[PDB]
Amino acid sequence: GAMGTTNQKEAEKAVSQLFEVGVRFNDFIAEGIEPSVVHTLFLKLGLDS
Amino acid sequence: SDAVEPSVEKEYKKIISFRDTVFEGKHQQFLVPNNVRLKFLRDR
């Protein structure tokens, strides 16, 4: 939440947890979410491919 | 300097709805067990 983590980064961590279940851009696309969201946040979170 | 962008609400709506579905664990693409449940909830 907002307990030390900034709102933007809070959104990012929620994405990172999604990343652990294996969310890729195609999965986001299946949910109507833009592929750019997975890719860009992936870069920001420094996640390994 | 990317501490709270313009992106934040846009990110939240898409992320929150996605995460909330997984929070119920009925996510069409992702079935989540125990360890995943704790990872989502404790981290964010």
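Structure notes:
- Residues of segment A:1-31 satisfying the condition of being at the interface with another protein chain (Cβ under 7 Å from one of its Cβ atoms), more than 20 Å from B:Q29 (Cα to Cα) and among the polar types (S, T, N, Q): A:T6, A:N7, A:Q8
- Residue tally, condition in contact (Cβ under 8 Å) with a residue 24 or more places away in the chain, closer than 17 Å to B:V8 by Cβ and outside any loop (DSSP other than H, G, I, E, B), over segment A:14-49: 4
- The C-beta contact set for segment B:19-36 (first residue in contact (Cβ under 8 Å) with a residue 12 or more places away in the chain and at the interface with another protein chain (Cβ under 10 Å from one of its Cβ atoms), second residue among the aromatic types (F, W, Y) and part of a loop (DSSP other than H, G, I, E, B), distance under 8 angstrom, 6+ apart or interchain) comprises B:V22/B:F30.
- Scanning chain B for residues that are surrounded by 12 or more Cβ atoms within 10 Å (Cβ to Cβ) and among the hydroxyl-bearing types (S, T, Y) returns B:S7, B:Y12, B:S17, B:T21.
Each reported figure results from applying straightforward, stated rules to the coordinates on display, with no laboratory input. As a convention, Cβ positions derive from the backbone with ideal geometry for all residues, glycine included, and neighbour counts pool all protein chains shown.
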